[PDB]
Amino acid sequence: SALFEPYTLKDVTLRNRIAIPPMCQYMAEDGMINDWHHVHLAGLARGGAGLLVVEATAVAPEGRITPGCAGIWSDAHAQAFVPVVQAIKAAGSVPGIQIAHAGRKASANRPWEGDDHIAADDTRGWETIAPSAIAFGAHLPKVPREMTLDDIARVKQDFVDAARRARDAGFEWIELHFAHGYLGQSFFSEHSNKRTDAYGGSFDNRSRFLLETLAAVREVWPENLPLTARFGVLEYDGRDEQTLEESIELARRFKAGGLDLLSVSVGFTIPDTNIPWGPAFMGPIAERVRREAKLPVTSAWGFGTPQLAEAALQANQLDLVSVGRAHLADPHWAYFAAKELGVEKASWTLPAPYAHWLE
């Protein structure tokens, strides 16, 4: 089956086309991950997936989404990832990590603790920063502070330091989080970016933060290791064709700038939208980006049904299939998929201590 064919990008080879997308656990303390993450990630790696992308990890304290988000803004934070990276590699999966900055969506409660912006008098909260002083709205009413040019220079450097740390911690795959309405996405979107300087206004100016950050990271990230990014290419805000054209154009610039693969998603920049949720609904858009930008892609949402993952690959809509929630339900989803798609010796998708008894 296509889902179980290996994939080589740069010097890295994934044993199959199954990727576990970044999934926040909200279990870190002051950005430090712990045994929750270690067992969670090592367990997933043993499940069979070819690639495991660690959850959105903040490049700076204020870049966390919540007080439980992982961070890599110091060498001590990076050290915490070393044993985990080594465990993922021991399991045969490729260790990747998504570095990010929540922007105006930062300083929020854990999803099961309100999922909304933290109260001003809550000692856990902090000031949010963004391209412009405009709030997301809805459950995230906090108005962020408009970034100065020095703030921009600082955040870009935070991304560089985060990438450098990920590299030294042993990660073999990096993903810049330019999606889901966080800092990067908010600089590209006219909904959130009302700047009149070099970082706002035109397509070139709105693209600047993302392009400069990619270029800066590229200076420290190994040429032989996949350099990727997640990016929302449309919002489903009634401006889809114009937005998709600009997004595809930026994807072209990303490729020219050394991006090896793009994780295609939705913007989630503003709350007033009408997203047509459905199994593998991203397939068509991901395919268009892949074709018009001539860049490898992956996407997600509803690919937990093995046949859908297989179909998307065979139709060349995606190069890698990202399966998220199905892995929270069953860490060994890859084994389930192998059986479903009739892979030979499906149980050996898992380590011997398990495979021997399930064959």
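When you see a residue number, it is the position in the sequence shown, counting from 1.
The deposited model assigns a higher average Cα B-factor to 334 to 342 than to the other stretch when 334 to 342 and 12 to 20 are compared. Note on 113 to 121 vs 281 to 289: mean CA B-factor is higher in 113 to 121. Of the candidates 267, 95, 103, 238, the deposited coordinates give 238 the top C-alpha B factor. For the set 213, 186, 274, 228, the PDB entry puts the maximum C-alpha B factor at 274. In the PDB entry, a CA B factor belonging to the middle third of its chain's modelled residues is recorded for residue 221. Annotation for residue 308: C-alpha temperature factor in the highest third relative to the rest of the modelled chain, per the entry.
Residue 329 sits in the middle third of its chain by CA B factor, as recorded in the PDB entry. Sort the modelled residues of the chain by CA B factor and residue 262 lands in the lowest third.
In the deposited entry, the Cα temperature factor of residue 107 sits in the middle third of values across the chain's modelled residues.
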